[PDB]
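The structure appears right after this line, and notes come after that.
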Amino acid sequence: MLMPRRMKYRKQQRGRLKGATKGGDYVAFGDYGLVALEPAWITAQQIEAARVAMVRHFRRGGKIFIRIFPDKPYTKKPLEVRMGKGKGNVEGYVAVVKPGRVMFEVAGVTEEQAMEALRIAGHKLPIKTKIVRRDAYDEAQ
Amino acid sequence: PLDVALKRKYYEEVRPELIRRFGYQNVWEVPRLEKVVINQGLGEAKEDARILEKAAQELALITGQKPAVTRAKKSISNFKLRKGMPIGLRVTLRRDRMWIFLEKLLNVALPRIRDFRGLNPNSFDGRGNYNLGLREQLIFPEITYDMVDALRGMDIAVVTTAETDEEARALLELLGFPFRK
Amino acid sequence: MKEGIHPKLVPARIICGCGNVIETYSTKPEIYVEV
Amino acid sequence: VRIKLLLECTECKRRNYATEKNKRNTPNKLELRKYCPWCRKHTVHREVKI
Amino acid sequence: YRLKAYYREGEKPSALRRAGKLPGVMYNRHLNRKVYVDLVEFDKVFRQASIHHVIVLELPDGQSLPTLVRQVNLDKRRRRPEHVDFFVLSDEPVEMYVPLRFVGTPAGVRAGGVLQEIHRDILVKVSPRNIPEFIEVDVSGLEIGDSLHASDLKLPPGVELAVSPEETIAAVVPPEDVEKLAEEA
Amino acid sequence: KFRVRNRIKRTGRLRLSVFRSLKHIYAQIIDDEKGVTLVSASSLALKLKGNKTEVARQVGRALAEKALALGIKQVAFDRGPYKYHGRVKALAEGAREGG
RNA sequence: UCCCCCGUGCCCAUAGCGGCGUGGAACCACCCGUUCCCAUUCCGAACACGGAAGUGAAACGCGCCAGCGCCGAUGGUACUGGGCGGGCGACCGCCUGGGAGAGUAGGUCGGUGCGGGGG
RNA sequence: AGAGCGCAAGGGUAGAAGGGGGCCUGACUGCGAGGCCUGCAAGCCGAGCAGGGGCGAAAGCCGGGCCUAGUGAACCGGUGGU
RNA sequence: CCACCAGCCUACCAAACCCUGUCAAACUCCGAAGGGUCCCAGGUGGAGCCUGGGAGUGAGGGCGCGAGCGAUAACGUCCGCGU
Numbered sequence: 001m002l003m004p005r006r007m008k009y010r011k012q013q014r015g016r017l018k019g020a021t022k023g024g025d026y027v028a029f030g031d032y033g034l035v036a037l038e039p040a041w042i043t044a045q046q047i048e049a050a051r052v053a054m055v056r057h058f059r060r061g062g063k064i065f066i067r068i069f070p071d072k073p074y075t076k077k078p079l080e081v082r083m084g085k086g087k088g089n090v091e092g093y094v095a096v097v098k099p100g101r102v103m104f105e106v107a108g109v110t111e112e113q114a115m116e117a118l119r120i121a122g123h124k125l126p127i128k129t130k131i132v133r134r135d136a137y138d139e140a141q
Numbered sequence: 002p003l004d005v006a007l008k009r010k011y012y013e014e015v016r017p018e019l020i021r022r023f024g025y026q027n028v029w030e031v032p033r034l035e036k037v038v039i040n041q042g043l044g045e046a047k048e049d050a051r052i053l054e055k056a057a058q059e060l061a062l063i064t065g066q067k068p069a070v071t072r073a074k075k076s077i078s079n080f081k082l083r084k085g086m087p088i089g090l091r092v093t094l095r096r097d098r099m100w101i102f103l104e105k106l107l108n109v110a111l112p113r114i115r116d117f118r119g120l121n122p123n124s125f126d127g128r129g130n131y132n133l134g135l136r137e138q139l140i141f142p143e144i145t146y147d148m149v150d151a152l153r154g155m156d157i158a159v160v161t162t163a164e165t166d167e168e169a170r171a172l173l174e175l176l177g178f179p180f181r182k
Numbered sequence: 001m002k003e004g005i006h007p008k009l010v011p012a013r014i015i016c017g018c019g020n021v022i023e024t025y026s027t028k029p030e031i032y033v034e035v
Numbered sequence: 005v006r007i008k009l010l011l012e013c014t015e016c017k018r019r020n021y022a023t024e025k026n027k028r029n030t031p032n033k034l035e036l037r038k039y040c041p042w043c044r045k046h047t048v049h050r051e052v053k054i
Numbered sequence: 003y004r005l006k007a008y009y010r011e012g013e014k015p016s017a018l019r020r021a022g023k024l025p026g027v028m029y030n031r032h033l034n035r036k037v038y039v040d041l042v043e044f045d046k047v048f049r050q051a052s053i054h055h056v057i058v059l060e061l062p063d064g065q066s067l068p069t070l071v072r073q074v075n076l077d078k079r080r081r082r083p084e085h086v087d088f089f090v091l092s093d094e095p096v097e098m099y100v101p102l103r104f105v106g107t108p109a110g111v112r113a114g115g116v117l118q119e120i121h122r123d124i125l126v127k128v129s130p131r132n133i134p135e136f137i138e139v140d141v142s143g144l145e146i147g148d149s150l151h152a153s154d155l156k157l158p159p160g161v162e163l164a165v166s167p168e169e170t171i172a173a174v175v176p177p178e179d180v181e182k183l184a185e186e187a
Numbered sequence: 011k012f013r014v015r016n017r018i019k020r021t022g023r024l025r026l027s028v029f030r031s032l033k034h035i036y037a038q039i040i041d042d043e044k045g046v047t048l049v050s051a052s053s054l055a056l057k058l059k060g061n062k063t064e065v066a067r068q069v070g071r072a073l074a075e076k077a078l079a080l081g082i083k084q085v086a087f088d089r090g091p092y093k094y095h096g097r098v099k100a101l102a103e104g105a106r107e108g109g
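Chains as they are written, first to last, in the deposited numbering: chain BQ, 1 to 141; chain BG, 2 to 182; chain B4, 1 to 35; chain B6, 5 to 54; chain BZ, 3 to 187; chain BS, 11 to 109.
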């Protein structure tokens, strides 16, 4: 449960997402990598649910590192009030992640630790994903 | 170019001394003096006004110059006067006024100080300057008790050709400048 | 140092605490004091 | 705006006109300033009426 | 090591690629033309030699010329290799990224702590005549709470530097435990 | 350090670039559009008289009459450092009408 | 006629920077004296007047490590006026015309119009 | 050029618009080619003409402020001048 | 820790910067396809110009493709281009 802090403005429009990711598809940080893969939003619940699965099964292990950051105003409106007035308020602090967008990396474990952790983690997300190693993403700034 | 005590002193002795110690093949690159600043921040001119300017005029009136006051920058919330316009006098000393002032200063404004050991050497720029401020203004010779309101100390400032502490401080030794050493 | 309103100069001396004969020129009239 | 008001002038020496505004608060007493009388050459003009 | 090559012409990417090949564009100081190679052996061979080492690609135009790759430009969506660029071999003060091998078992480690490596291929210079393969460096007396880096690395004589160099090479960090869920509160 | 395009005031629509330094006056008539000058006259690089005040004066006028055989009318005084001190060359008697 | 320094316009940071060399007779920075000019919210530091003393350092143009800076193609994607097709959704793919930034080699401490001081 | 430019934002500007001051008072009278906009009404800029000013020595600058809200068609009456 | 002043410390809070990396309808060092339009040329077509005479018309809607209150809900949906 992290985010920015009421920066500049607080309500911002919806979105349609073809495919580009803007980039950010490599190791650089640590080692073994979990790669997100569909055009959608990353849910905070699923942020720290992935963190759950991780330190949950793998406890007293090594270190895990982040590249991402969940921050989106889920413009939600009150119920049964009949549609119209206003936009809504900043719930569902999701983030914007498309296919091929990687995101999570582990370091200081065994191969299988990564493997299993990434399995259950992928079992949690509002979609699904893939996972790989370290060899051909060298040079990426 | 009216010569005084420390003037001629400075002239001769500092030339061969300085250049035999540091080396300078130039009339105009060998490190010399430059300018001195008499400085007076006393933001009490929130009110009090130019009755305080009477007090302030007294400062450079006795050093012999007509001084220019300087205002404040912006809001000093804690110390009133926001927009910044109280009284923060400063007057500039050229080549020869520097002579009389430095002369007095080094002769009358120092052998006094009750607990006088010398002036702090680490008060240096590293870029060849020496800023120094003092408490009681009334230690000067040309002032006597009946004129003053309180203590109107000043942060005297001096610039030099000096690029490091070395040259300037040695120069000071030559021209009779007290030091904590 | 020109202008019209300047706090004056002119000769002044030094009579120390040891019977001195030193020659100076300052802003206020005459001065004599310490070592 | 009002309480800050607005005003005009006549030509000192029997009339000739112009139209502007004013200002209060400030120690602004009377007000005459150089202009051109419609009839005759460059004169001053004074503050008359409203 | 040795790989294939072929002179490229005025042909377009997708064709060469989606067939089973991959185009490139070599150059060196006074050079900039266009070339290409085959896919499968490209992929395979790049696991070994790579930017770790030097490539010796054979042109059917005769000259089995040794160069180096660099710039590779992925397809970013359903991705993989999709356009390598080639610098050619010289001997001048040239720069590249040397692979590494940190060896040993230190004190932060074993206790449970974990190393955070910040560099494997590093920004350095050399003359291609030299063969400073892959530098295998020091990890003997390491402790959590401290970092090692900078100009503290070994040099196979001749190899100059190309950084600042206070670039952090690595640092040992305290692991993660479910007592960080005591922070969840 | 007198940029301000004081020359924008002089980019009015006619110029005349000069200078003064140590012992020499550098007076020249310049037309612009491309930056194509025209006329020349100096203080000591002319073997004129040997006093800055006097020389200055007539040197302006000298050049002026020369320009009268080359055909001009009105321009603008061009300089960066000045305070403007007449220098009763003041290239005014010096043809220009100056001031 | 091949030609040495400066008033000075244009080229848009290769022109800018630390530094590295630089000249001085002439140019210039100055220097020098506040008598002339007029000037400083104070100070002749801003500007004029006058020189025999006298500097080449601080200053410019000019010659450089090219670390920084800026210039930066070659190839490919990212998308897309245009056309033709598959979806629980969200999306996509082929042609036509395009072509970034980025990665990259790479490049420069100046290019130049007039007018006057000359080996 | 991130200060600032009167209040908000954008633009933009120290080659001023900002900051210090001397003299003043074009915060001009009667016209204005021309056009942006534009259903209409409206808003807007404007070099140059004759009058006749202020400063700058002049070349010249000023037909209110760096700009975009501070503004309200008509009916009706007060006001002085002609 | 000392009142003659400062020597010193930091499983801490941690500016900056660094480098590993990234988010932006109201941010932009860059910058598309383009689009808009201007001058020469093409272009005889229920083209284009002027006038005036008479009109109807001032909730449109399907589908695409693109932004939005919408929940990537409605055969809700207000603009945009396109028909």
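Quick reminder that beta carbons are idealized off the backbone N, C-alpha and C, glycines included.
Asked, Found
"Those residues which DSSP pairs with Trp42 (chain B6) across a bridge", "For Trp42 (chain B6), which the question treats as bridged, DSSP gives no partner whatsoever."
"Proximity below 9 Å, CB of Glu12 (chain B6) to CB of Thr30 (chain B6)", "no"
"Straight-line Cα distance separating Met115 (chain BQ) from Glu135 (chain BZ)", "32 Å"
"Contact list for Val33 (chain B4) against chain BG, beta-carbon separation under 8 Å", "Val109, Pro142"
"Enclosing alpha helix (DSSP H) for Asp87 (chain BZ) [first to last residue]", "No alpha helix (DSSP H) contains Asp87 (chain BZ), which is instead part of the beta strand (DSSP E) from 86-90."
"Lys124 (chain BQ) at chain BZ interface by Cβ criterion, 9 Å", "no"
"Burial state of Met7 (chain BQ) (16 or more Cβ within 10 Å)", "exposed"
"Chain BG contact for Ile15 (chain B4) (CB, 9 Å cutoff)", "no"
"Residues from the region 155-179 of chain BZ in contact with chain BQ, defined by Cβ distance under 9 Å", "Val175, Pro176, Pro177, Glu178, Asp179"
"Contact with chain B4 by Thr93 (chain BG), beta-carbon distance below 9 Å", "no"
"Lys72 (chain BQ) vs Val55 (chain BQ) beta-carbon contact at 9 Å", "no"
"Assigned exposure category for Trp100 (chain BG) - 16 Cβ within 10 Å defines buried", "buried"
"Partners in chain BQ for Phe44 (chain BZ), counting only beta-carbon separations shorter than 7 Å", "Under the 7 Å cutoff, chain BQ gives no residues; its nearest Cβ is about 11 Å from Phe44 (chain BZ)."
"Rounded straight-line distance, which links the Cα of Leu172 (chain BG) to that of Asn132 (chain BZ)", "56 Å"
"Coil, strand or helix - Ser52 (chain BS) by DSSP", "strand"
"Sequence-distant residues of its chain with Cβ nearer than 7 Å to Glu168 (chain BZ) (five each side left out)", "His151, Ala152"
"For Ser149 (chain BZ), three-class secondary structure by DSSP", "strand"
"Interface residues of chain BZ facing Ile64 (chain BQ) [CB-CB closer than 7 Å]", "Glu178"
"Bounding residues of the beta strand (DSSP E) (the contiguous stretch that carries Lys6 (chain BZ))", "4-6"
"Within chain BQ, partners of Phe136 (chain BZ) - CB distance below 7 Å", "Correct list: empty, because the minimum Cβ distance to chain BQ is about 13 Å."
"Pair within 9 Å by beta-carbon distance, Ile77 (chain BG) and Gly42 (chain BG)", "no"
"Neighbouring residues, chain BQ, relative to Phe48 (chain BZ) (Cβ below 8 Å)", "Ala136"
"C-beta contact flag for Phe88 (chain BZ) and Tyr8 (chain BZ) at 9 Å", "no"
"Residue environment, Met148 (chain BG), which counts as buried when at least 16 other CB atoms sit within 10 Å", "exposed"
"Beta bridge counterpart(s) of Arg91 (chain BG) as assigned by DSSP", "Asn40 (chain BG), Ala69 (chain BG)"
"Rounded separation between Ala21 (chain BZ) and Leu41 (chain BZ) - CA only", "9 Å"
"Residues near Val165 (chain BZ) in its chain [Cβ-Cβ closer than 7 Å; skip 5 each side]", "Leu125"
"Length of the line joining the Cα atoms of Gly22 (chain BS) and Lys33 (chain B6)", "42 Å"
"Boundaries of the beta strand (DSSP E) in which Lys53 (chain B6) is found, first to last residue", "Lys53 (chain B6) -> no beta strand (DSSP E), and no H or E assigned at all."
"Cβ pair count under 8 Å reaching 3, the region 108-127 of chain BZ against the region 32-39 of chain BQ", "no"
"Proximity of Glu91 (chain BQ) and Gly33 (chain BQ) at Cβ, strictly below 9 Å", "no"
"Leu26 (chain BS) vs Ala86 (chain BS) beta-carbon contact at 9 Å", "yes"
"9 Å Cβ cutoff met for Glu104 (chain BG) and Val5 (chain BG)", "yes"
"Start-end ranges of the beta strand (DSSP E) lying completely within the region 45-71 of chain BQ, minimum 3 residues", "63-65"
"Selected residue, minimal CA-CA separation from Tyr74 (chain BQ), among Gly88 (chain BQ), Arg82 (chain BQ), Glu80 (chain BQ)", "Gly88 (chain BQ)"
"Residue burial classification, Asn108 (chain BG) (beta-carbon count within 10 angstroms, cutoff 16)", "buried"
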